[PDB]
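Undergrad: So I pulled this structure from the PDB, and the sequence comes with it:
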Amino acid sequence: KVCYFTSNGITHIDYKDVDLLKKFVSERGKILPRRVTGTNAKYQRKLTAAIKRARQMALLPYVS
Amino acid sequence: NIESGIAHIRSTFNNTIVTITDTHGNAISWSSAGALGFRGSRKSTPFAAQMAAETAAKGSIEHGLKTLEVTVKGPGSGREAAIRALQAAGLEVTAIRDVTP
Amino acid sequence: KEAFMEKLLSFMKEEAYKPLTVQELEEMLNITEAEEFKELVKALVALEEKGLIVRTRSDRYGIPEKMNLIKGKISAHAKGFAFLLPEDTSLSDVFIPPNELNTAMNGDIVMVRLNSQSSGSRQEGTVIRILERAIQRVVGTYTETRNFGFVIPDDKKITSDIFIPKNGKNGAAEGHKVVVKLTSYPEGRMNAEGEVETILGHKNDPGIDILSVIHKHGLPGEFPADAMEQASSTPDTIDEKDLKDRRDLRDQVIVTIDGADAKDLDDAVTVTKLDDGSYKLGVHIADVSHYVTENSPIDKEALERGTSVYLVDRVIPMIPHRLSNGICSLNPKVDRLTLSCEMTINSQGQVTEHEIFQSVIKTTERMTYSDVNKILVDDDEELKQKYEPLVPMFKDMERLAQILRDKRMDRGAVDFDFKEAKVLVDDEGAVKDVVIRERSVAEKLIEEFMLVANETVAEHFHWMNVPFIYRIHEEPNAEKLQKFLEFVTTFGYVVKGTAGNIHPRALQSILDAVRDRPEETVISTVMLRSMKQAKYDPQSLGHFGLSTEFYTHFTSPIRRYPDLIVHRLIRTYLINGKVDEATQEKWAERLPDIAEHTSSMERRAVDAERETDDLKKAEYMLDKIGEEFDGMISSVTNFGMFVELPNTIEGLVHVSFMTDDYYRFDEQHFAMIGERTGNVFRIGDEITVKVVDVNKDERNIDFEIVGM
Amino acid sequence: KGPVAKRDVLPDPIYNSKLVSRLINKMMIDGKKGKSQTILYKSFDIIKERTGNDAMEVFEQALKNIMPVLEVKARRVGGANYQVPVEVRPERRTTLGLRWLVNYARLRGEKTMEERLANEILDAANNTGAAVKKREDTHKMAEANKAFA
RNA sequence: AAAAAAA
RNA sequence: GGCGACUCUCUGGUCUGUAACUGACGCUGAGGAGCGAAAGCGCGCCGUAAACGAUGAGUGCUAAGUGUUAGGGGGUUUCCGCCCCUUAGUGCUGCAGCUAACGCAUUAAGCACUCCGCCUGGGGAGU
């Protein structure tokens, strides 16, 4: 259970990378919890902004 | 005569309605556990769910549907069976949605 | 309504009628009208209300009279009550009470009748008659009672003892383990009578635990005198006469890749990459059919045994250890009589050319899976230097295996990866360690080659249209799969298939999607519960799990009797050219009984291997008391919770140990729901647990909710 | 809490049958086992003189036909009032066999008990009379309410 | 409770 | 008191590191001013408040163990990883000491110093 963002030297998550963020949502769209993706709290928060910015511009869907 | 459509299943604890619409939300057909002649306990069951689901589905296939988007409401036990019943009728299901507040 | 209700009843009353669902009824009866469909339902309401047609829990309809005599297999409980598994398994478990089981034993075939009452969720069965006796013999400890004897069955599933008269004591004292040839059975209130068969030895002996299971399951044992005579007469070296009509392959680079403890080396492997980008794969299989000829003593025993069985501490081989580990074994650096399959495979994994022939190979080296991984994955130079002649071949082997896998996945094969485990015991049978059986690249390499070899042989003999044995896997059970497809809709997935005709690819497409999610272990577990078993059969019915229409077992004749049969059929049809009608009719008569028997012997073996694993798994953890572990919720039954520790060891957690709350099983959403505290325990959740009760004898392990 | 052991009666000295003794003890009044030992030995000489068969062949046949297989037991859980069909334990079969044999033999029209007991045994053996009927009666009744159990 | 496949 | 969709605009504070600078510029703070619930009631006033983690602010000192948040230094090691040290915050457990007891325990209710607020039997009465 490793942080993908730390592990791969990533500092800035980008709301435009749709397939990158897609690894961190369910099929419905729900943001998958830290306990299940193993993300670091720092990045979980960066990740979540990005997902929501994604959702606003219809790159990702809304929940169920 | 339309191909693509939505199926708005309302499975409550008391009843299962199943409407099917077009993409614009105009009703093509519908059925329900009560209109299936089930009464009381039986309207709650997932048996009555599939009955209604198929009854309205076969009504939709007459108008010539093929693909269904599904939307579900309510906490009833019928959605599971009803959605399989839309696949078992012949109509292929794409996007599922659970719009339960 | 009345008209149809009678017409439907008349149709259902026909002798050939079987249980039909609402949709299936209006297909043979035939209905197409929308208003006649509105007529069906209130009619089904009426017939079911009047008690003229009963709903089977699988939503199939049949007259109370049709089900009345379910005639299911007795699924009896250890405490003394029972459930039932009806002929068609579509029907649910019918409850048989202690008072009305009327001399029925766990696994016998009966004719249980329905009750017009039910004090619970279950239909009330009653053994009005026993259609068939099963449990012919029991194993157990003999105990002296009131100047009498009484063998107590090994299992607690038989709630009574077995009356031993003195003429059937035959050794059995307070201690001695013995099998019982039951010479009589229960009678209202009386118990079953018997004798004493094999004095296994004192019950509290190390190696009786195995030996007790050896006789419990009815596993094979010691080779008959005529088989051991034939084995002793079999040459330790190849005769120069046997080299005739065989292709020399000794000067080629041919090697074996197996587990570290494998002595029964069935298969050899060589790969050459051709200039056009295709690969040439040489699969060479130990020619057991040469030594073990048809109707020989070893052959009749090998049929009786059916397969090798691999218990934790020992192997019970299908053919004698002198042959299996000696002349048949592809031991390193010797001539070896082998039936070969040589295949040219293109860049899409398709076998362009193939040839099946008799041959003799010189095993250049005996390799381990661990060594081959270190060569290919870890890039280990020390092992490369040691096996320098093989290193170029292993690289060509890795590429071909990838091509074959890529084909096999694109064809739609279903590749679960449930972590199997290898219990590690010493020679005395003490469990020193238990670890996961890691199928890495080298195992997956050999797997793919054996698969393509097996597919190629099976395909060839399908098109030859001669009697042949296949390894089939049917399509999954449509009722169990229906529950699986519902279950995966809880998470919002849609599977492009029906419960009647689902394509393997669709089930893989779920397994890929769920990879690394909270719906991974749950789905995968419910997909298994909908899967079936594979079996041998003379008909080419296809292998659902491998998504191919032509499959057989060719690549392990030392340890599987259907592989030794294929070898004989290869020698009959291809080598000897005997495709005459009389030869076909002879094999067509013999194969169904061999296939059904060998499939029964495989299931018996696997059950026994698992039983010994679970046994020594407890033996390993007879010192884990108190010690907390972080292990995931593997199953949620209504009678508790089941937690797999990382090392594939499961244990129980009843509401007895769910001390905080009064939890409840949600079947639809596979989970434990507490209310008084408002808790949620789904399956696949990483949680902590403590070992409380490892009772080895019944193979129990218990946990308690340390937490989540 | 643990089923009390039934009293081990001696075998009847002339037929070596603990069944026949149990009949004597069933027939015995006011501890007059003598009167009942006489009556039976008088009744079995009557059976042997009429039939020609051994009294034991007839008496065992008589019991077979009187002995019940299923009985009605009152169960009143909540409402219920269920006449639960209960299988008669092999000891209670003989019990009810001998009880009915004696009870109906005493009620018969014949002058002496030795004749009354003889005739009830002879009727029981021919699958007829009143004691056989009584078994049928409770089985007819147990069949009537057989849907419980 | 326990799928392929291998040992 | 509070503050949770996203973006932009404007704007306040805190933490870490380095020490380039200033050189005690510091602490507390009656009164006063401002902020400040459902109140209560016509955006305005009102502004009392389990507005009680039931614990004033500032500072220094006095065992440990373990988790988490935001940083820093180092170590091997390719970064990562894993270990060690460290600053600030936030938890759990736990000495010495303290306590009527319960407990608190480097986020003290310990050991000290400065300054503020406050208490002096229960009703009557927050009249």
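TA: It's in. Residues are numbered from 1 along each chain as shown, chains lettered A, B, ... in the order given.
Undergrad: and stretch C:414-422, which residues are buried?
TA: Of all the residues in stretch C:414-422, those buried under the rule 16 or more other C-beta atoms under 10 Å in any protein chain shown are C:414, C:421. (Each C-beta comes from the backbone N, C-alpha and C, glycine too.)
Undergrad: For whichever residue of the stretch 401-550 of chain C sits closest to chain A, give its distance to residue B:72.
TA: The shortest separation between the stretch 401-550 of chain C and chain A is 4.6 Å, found at residue C:492 (distances taken as C-beta to the nearest C-beta). In this structure, residue C:492 and residue B:72 are 10 Å apart, going by C-beta to C-beta, to the nearest Å.
Undergrad: who has more neighbours, those two?
TA: Here residue C:492 and residue B:72 are set side by side on neighbour count (other C-beta atoms under 10 Å in any protein chain shown), and the busier one is residue B:72, at 24 against 18.
Undergrad: For that one, give the beta-bridge partners.
TA: Applying DSSP bridges to residue B:72 yields these beta-bridge partners: residue B:9, residue B:98.
Undergrad: circling back to that earlier point, now the common contact residues for residue C:492 and residue B:72.
TA: Applying C-beta atoms under 8 Å, 6 or more residues apart in numbering or on different chains, one finds that residue C:492 and residue B:72 are jointly contacted by B:96, B:98.
Undergrad: next one: phi and psi at the residue of the stretch 401-550 of chain C closest to chain A?
TA: Phi and psi for residue C:492, reported as degrees, to the nearest 10, are phi 100, psi 0.
Undergrad: Just give the nearest non-adjacent residue to the residue in the stretch 551-700 of chain C that RNA strand F sits nearest to, would you?
TA: Closest contact between the stretch 551-700 of chain C and RNA strand F, by C-beta to the nearest atom of the strand, is at residue C:630 (13.5 Å). Here the nearest residue to residue C:630 in space, its sequence neighbours aside, is residue C:688; by C-beta to C-beta, 6 or more residues apart in numbering or on different chains that works out to 5.3 Å.
Undergrad: Repeat that for residue C:216.
TA: With C-beta to C-beta, 6+ apart as the criterion, residue C:216 has its nearest non-adjacent residue at 4.9 Å, and that residue is residue C:139.
Undergrad: Tell me how far the one you found lies from residue C:171.
TA: 14 Å.
Undergrad: of these two, who's got more company?
TA: When neighbours are counted by other C-beta under 10 Å, residue C:139 comes out ahead of the other of residue C:139 and residue C:171, with 23 against 12.
Undergrad: Make sure residue B:19 is indeed in a strand.
TA: Yes - the assignment for residue B:19 by DSSP: H, G, I helix; E, B strand; the rest coil puts it in a strand.
Undergrad: can you count the residues close to it?
TA: Residue crowding around residue B:19 was assessed by other C-beta under 10 Å; the count is 20.
Undergrad: how near is the residue sitting nearest the centre point of chain D to chain B?
TA: Within chain D, one residue has its C-alpha closest to the average C-alpha position: by C-alpha atoms, centre = their mean, that is residue D:97, at 2.0 Å. From residue D:97 across to chain B, the span is 50 Å (C-beta to the nearest C-beta, to the nearest Å).
Undergrad: Over to residue D:22?
TA: Residue D:22 is 56 Å from chain B, where distance means C-beta to the nearest C-beta.
Undergrad: List the residues that contact that residue.
TA: If you count contacts by C-beta under 8 Å, 6+ apart, residue D:22 has them with D:9, D:94, D:98.
Undergrad: What subset of the residues you listed is buried?
TA: Under a neighbour-count criterion of 16+ other C-beta under 10 Å, the subset of those counted as buried comprises D:94, D:98.
Undergrad: okay if I get the contacts of residue D:22 as TSV plus secondary structure?
TA: What follows is those, written out as TSV (three-state DSSP):
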residue	secondary structure
D:9	coil
D:94	helix
D:98	helix
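Undergrad: State which helix of chain B is the longest.
TA: Among all segments of chain B classified by DSSP state H, the helix with the greatest residue count is helix B:46-63.
Undergrad: Please apply the same query to chain C.
TA: Ranking each helix of chain C by length (DSSP H) puts helix C:581-620 first.
Undergrad: Name the residues of it that are buried.
TA: With burial defined by 16+ other C-beta under 10 Å, the residues of helix C:581-620 counted as buried are C:583-584, C:587, C:590-591, C:594-595, C:598-599, C:601-602, C:604-605, C:608-609, C:611-620.
Undergrad: Near the residue of chain D with the smallest separation from chain C, how many other residues are there?
TA: For chain D, the residue positioned closest to chain C under C-beta to the nearest C-beta is residue D:147, at a distance of 4.9 Å. Using other C-beta under 10 Å, residue D:147 has 10 neighbouring residues.
Undergrad: Can you get me a residue count around the nearest residue to it once chain neighbours are set aside?
TA: Ranked by C-beta to C-beta, 6+ apart and with sequence neighbours excluded, the top spatial neighbour of residue D:147 is residue C:116, at 4.9 Å. For residue C:116, the neighbour count with other C-beta under 10 Å is 11.
Undergrad: Please report how far residue C:116 lies from chain B.
TA: Residue C:116 sits 19 Å away from chain B when distances are taken as C-beta to the nearest C-beta.
Undergrad: and what of residue C:368?
TA: Counting by C-beta to the nearest C-beta, the gap from residue C:368 to chain B is 48 Å.
Undergrad: residues contacting the closest residue to that residue other than its chain neighbours?
TA: Using C-beta to C-beta, 6+ apart and skipping residues adjacent in sequence, the residue nearest residue C:368 is residue C:260, 5.2 Å away. Residues in contact with residue C:260, defined by C-beta under 8 Å, 6+ apart, are C:368-370.
Undergrad: If we use 10 Å, what do you get?
TA: Residues touching residue C:260, when contacts are defined by C-beta atoms under 10 Å, 6 or more residues apart in numbering or on different chains, comprise C:368-371.
Undergrad: for chain A, what are the nearby residues on chain C?
TA: For chain C, the residues in contact with chain A under the definition C-beta under 10 Å from any C-beta of the partner chain are C:491-494, C:513-514, C:516-520, C:685-686, C:708.
Undergrad: can you rerun that using 8 Å?
TA: Applying C-beta under 8 Å from any C-beta of the partner chain, we find that chain C lies next to chain A at C:491-493, C:513, C:516-519.
Undergrad: Give me the contact status of whichever strand or helix holds residue A:35 with chain C.
TA: In the assignment (DSSP states H and E), residue A:35 maps to helix A:34-37. Yes - for helix A:34-37, a contact with chain C is found by C-beta under 8 Å from any C-beta, at A:36-37.
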